[PDB]
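A short worksheet on the structure shown next.
Counting starts at 1 for both ligands and their atoms, in listed order. Starting from 1, each residue takes its place in the sequence as its number. What you see below is based on every heavy atom in this structure, not just the backbone, and it leaves out hydrogens, waters and symmetry mates.
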Amino acid sequence: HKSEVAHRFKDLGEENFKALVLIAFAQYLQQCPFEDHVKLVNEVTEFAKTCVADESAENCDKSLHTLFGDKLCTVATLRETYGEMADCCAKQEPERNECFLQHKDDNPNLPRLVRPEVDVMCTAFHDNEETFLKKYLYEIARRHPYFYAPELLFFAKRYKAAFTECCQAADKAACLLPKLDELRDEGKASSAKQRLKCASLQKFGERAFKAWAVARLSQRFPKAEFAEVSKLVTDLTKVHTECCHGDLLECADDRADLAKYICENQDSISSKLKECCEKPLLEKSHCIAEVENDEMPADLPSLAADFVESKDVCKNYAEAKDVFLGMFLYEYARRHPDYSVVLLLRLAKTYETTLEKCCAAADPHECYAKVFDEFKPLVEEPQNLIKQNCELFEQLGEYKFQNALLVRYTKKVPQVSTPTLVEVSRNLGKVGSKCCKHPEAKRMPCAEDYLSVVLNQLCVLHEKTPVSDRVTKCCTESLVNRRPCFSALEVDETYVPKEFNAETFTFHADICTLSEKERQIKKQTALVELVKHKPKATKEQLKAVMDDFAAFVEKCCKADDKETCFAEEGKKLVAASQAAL
Ligand SMILES: CCCCCCCCCCCCCC(=O)O
Ligand SMILES: CCCCCCCCCCCCCC(=O)O
Ligand SMILES: O=C(O)c1cc(I)cc(I)c1O
C-alpha cells in the first residue's frame, strides 16, 4: 500500500467512497453550501482515480490526514466563514488535524429539517435520485458532526430503500410515513447512545467503562474465554476513546482491525458470528455490534465454588483485584443474558464491597459466606418493576398507560414543566410497548436499553434549567444508581397546589379536527395541570373526572353547532368537577 487513497478507494468502491468524502467534509465545513461540497467530492474522487491507476502519481503517497487537511485549507471563504478555524492552516499536520477537531461545532445554529410532502419527496426522488439523497445526507451530516459516518451511510441506504419501495405504491403516504418515522427514531436513538457512551467514558473513566464492557461482552459471548474477553474489552475501550475524540480515520481503522480480529477468531468467540464476518468491510463491524447473544454452555459450574465456597479467595483477590472482579462479572454475566448490565455491575460492586470488608477480618471465609444472599433483593427490585409495570400496560393500552405514568410522576415531581412531563411520560410509555412484547428473559435488557437514553435526556434538560434537588441528586449519582434513585422518588408532600386557571381547562371544537396525536397531547397536558392543581386527588377521583371528560369531548364533537357544546357543557364540567375535588 504505497497510496492510502488508492487502497481505501479499492476497499470501499466508488459509490461508498463518494458518499463518505461528502459526509466527512460536511462534518467539518458545516457552513458551506451543498454545491461547494459536491465540487470537492468530484475533485477528491478524480484524484483517487489518478492514484488507482498509478500509485506513484503526485501526492498519492501523502497520508489521508494530510490530503484532507490540505484540501480543507484551500477553501478561500474559510477565513471569512469559519475565522479561527482558518488559523489551523498555519500549523503542521500533527496539530493541524487536532486544531480542526477542536472547532467542530457539536450543535450548530441551523434550522430544523422540515419533512416535505410525500409527493414532493417521491417526485424529486424520481427526477434526480442522486442529488436528492446527497442533498439530504449533507443536511443530516452538517447537523451531526460526531455521528460515525459509516453508520450514517448505513442509514441512508435504508432511506433509499424506503423510497424505491413506497414511492411506486398506490398510496405512497400510507407506505412511506410509517417508514420515515421508524428510521427517525432509530437515528435519534442511535445518536443519543453514541453521545451517551462518550459522556460515560469521560465522566466515570476507563475502569467503569471496561467493567461495563466486560459484562456486556460476556452475556453476548458466553462461550469465549476470559482471556479473550479481556482482550476484546481493551480493544473496544481503545476504540470508543478514539471515536469519541472525533477523529474519523483513526476510529475507522481501529474498528476495522477489531472486526478482522474477531472474525479470524470466530470459533473462539461466538458461533452466531458467521454472516457478519461474511458481509462487506463497511458492514462487518456494524453487524457484529448488533450480533445476537450466543447460547451459553450447558456444562457450567456454580459461581459459589470459585467465589464463595473456595478458600484462597482473598489471596486470588489481593493478587489482582480488578482482574478477579473482572472474572466474577464474566462468570456472572454469561450465565445471565437476561440481566441488565447495570444490574450485573450492581452485584459486582456488592461483591467488591464485601471482599474489602471480609478479607481484612479474622475468619474471612466465614465472613463472605452468605454473600450471594445479598444479591437476591438487588435482582428482584428490577424484576418486580418489570412485572408490575408491564402487567399494567397489558390492561390499559399505551395511551391509557401513558396517562397512569403522567399522574404518577407529576405527583412525584410537580415542579417539573408540564410539557416536559408529557414528553417523558410518553416516551416511557413507548418503552413499555417496545419491551413488554418480549418474553420475560429479554425485557430487562430491553428496558435498560431504552431507559438509559430517556433518563439521560431528562437530566440534560434539568441540568440547563434545574427545578428539583432530588432530580439533580438522582442525575448526579453513579450511573449504576441513577435509575433506582428515580424509582425511589416519592410523592412530593411539600408542593403547594398551583392557582386554579379557568383558561387551562377550556377546550374548543378544534380538538375534533386534530389528529389523534394532537388530541392526546392536548388532553394529557390538561391531565398534568389537573394533578398540579389538586395533587391530593385520589386515583378514584381522577378516574371519574377523566371519564366525564371523555364523554364531554365525544358528546361535543358529534353535536350540531360544536362550538356551543364546548362552552356550555364545559362550564358545567369545570363546575361539577371543581366540586367533586
Ligand atoms: C476489568 C475491570 C473490572 C472492574 C470491576 C469493578 C466492578 C465495580 C462496578 C463498576 C463501577 C465502578 C464505579 C462505581 O463505583 O459505581
Ligand atoms: C378543575 C378540573 C377541570 C376538569 C378538566 C379535566 C381535564 C382532564 C383531562 C382528561 C383527559 C383524559 C384523556 C382520556 O379520557 O382519554
Ligand atoms: O459496538 C461497538 O462499537 C462494537 C464494535 C466492534 I469492531 C466490535 C464490538 I463486540 C462492538 O460492540
Side-chain angles (χ1 to χ4, degrees), residues 148 151 194 197 204-217 220-221 224 226 229-230 232-237 239-240 243 251-252 254-259 261-263 269-270 273 276 284-291 320-330 341-342 344-348 350-353 396 399 402-403 406-407 477-482 500-502 504-507 520 523-531 533-534 537 541-542 544-554 570 573-581:
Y148 190 55
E151 178 52 30
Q194 287 184 54
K197 290 181 186 181
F204 306 81
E206 184 182 40
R207 195 209 184 213
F209 195 78
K210 300 188 175 180
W212 189 82
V214 168
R216 185 64 195 102
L217 277 199
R220 198 192 288 274
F221 301 144
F226 182 77
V229 178
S230 302
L232 295 179
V233 174
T234 297
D235 291 336
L236 195 55
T237 294
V239 156
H240 280 110
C243 298
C251 175
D254 285 342
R255 282 171 63 101
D257 283 329
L258 184 46
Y261 183 88
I262 290 185
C263 288
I269 306 179
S270 170
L273 209 40
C276 285
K284 285 219 220 70
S285 40
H286 170 62
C287 186
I288 297 181
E290 295 185 302
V291 80
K321 295 184 171 184
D322 291 327
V323 176
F324 189 67
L325 293 171
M327 250 169 257
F328 177 74
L329 265 184
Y330 159 75
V341 177
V342 277
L344 288 164
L345 290 181
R346 234 169 265 156
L347 308 177
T350 293
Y351 189 57
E352 173 178 53
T353 293
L396 24 139
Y399 177 68
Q402 291 182 312
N403 286 10
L406 223 30
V407 173
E477 196 85 31
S478 63
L479 244 255
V480 168
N481 296 310
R482 178 170 281 191
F500 174 94
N501 179 310
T504 296
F505 310 96
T506 301
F507 339 71
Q520 304 178 319
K523 303 156 83 184
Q524 296 181 318
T525 298
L527 180 51
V528 174
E529 287 291 327
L530 169 45
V531 173
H533 175 53
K534 291 212 127 58
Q541 283 163 36
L542 261 37
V545 168
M546 292 188 305
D547 301 328
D548 285 26
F549 187 76
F552 173 54
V553 170
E554 165 192 59
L573 194 75
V574 175
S577 287
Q578 278 179 59
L581 317 179

### Message
Please determine whether a side-chain nitrogen of the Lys or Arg among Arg207 and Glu352 lies less than 4.0 Å from a carboxylate oxygen of the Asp or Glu.
### Response
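Salt bridge between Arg207 and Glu352, a charged N being under 4.0 Å from a carboxylate O: yes.
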
### Message
Could you check whether any heavy atom of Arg346 sits closer than 4.0 Å to an atom of ligand 1, since that is the contact criterion I want to use?
### Response
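No, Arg346 has no heavy atoms under 4.0 Å from ligand 1.
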
Using heavy-atom distances only, which candidate in [options] approaches [atom] most closely?
atom	options	answer
atom 3 (C) of ligand 1	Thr234, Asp322, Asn481	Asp322
atom 2 (C) of ligand 3	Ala289, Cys251, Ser285	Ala289
atom 13 (C) of ligand 2	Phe507, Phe505, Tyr399	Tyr399

#### Entry: Derivation and outcome, side-chain contact (heavy atoms from CB on, under 4.5 Å), residues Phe507 and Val553
CA-CA 9 Å; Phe507 339 71; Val553 170; 5.9 Å; no

### Working for side-chain contact (heavy atoms from CB on, under 4.5 Å), residues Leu396 and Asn403
CA-CA 9 Å; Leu396 24 139; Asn403 286 10; over 6 Å; no

### Per-atom contacts of ligand 3 with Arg255, taking only distances under 4.0 Å to non-hydrogen atoms
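Reading through ligand 3 atom by atom, the close ones are 3 (O), 7 (I).
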
### For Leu217, the ligand 3 atoms whose distance to one of its heavy atoms is below 4.0 Å
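Counting from 1, the qualifying ligand atoms are 10 (I).
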
### Task
Quick one: look at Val291 and ligand 3, take heavy-atom pairs under 4.0 Å, and tell me if it's side chain, backbone, both or neither.
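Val291 to ligand 3: no contact under 4.0 Å from either part.
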
#### Entry: Location of contacts on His240 toward ligand 3, heavy atoms closer than 4.0 Å
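The answer is the side chain of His240.
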
### Message
Which of the numbered atoms in ligand 2 are under 4.0 angstrom from any heavy atom belonging to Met546?
### Response
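Near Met546, meaning under 4.0 Å from one of its heavy atoms, ligand 2 has 15 (O).
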
### Query
Can you say whether the rings of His533 and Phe505 are parallel (under 30°), tilted (30 to 60°) or perpendicular (over 60°)?
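The arrangement is tilted - the two ring planes meet at 30° to 60°.
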
### Query
Are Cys276 and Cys287 close enough that their SG atoms are less than 2.5 Å apart?
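Yes, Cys276 links to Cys287 through a disulfide.
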
### Query
Counting N and O atoms only, with roles assigned by atom type, does the side chain of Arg220 sit under 3.5 Å from a partner on the main chain of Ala289, one being a donor and the other an acceptor?
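Yes, the answer is positive, given that a donor and an acceptor are paired below the 3.5 Å cut-off.
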
#### Entry: For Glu477, all residues meeting side-chain contact (heavy atoms from CB on, under 4.5 Å), sequence neighbours excluded
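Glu477 satisfies side-chain contact (heavy atoms from CB on, under 4.5 Å) with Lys473, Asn481, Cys485 once adjacent residues are dropped.
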
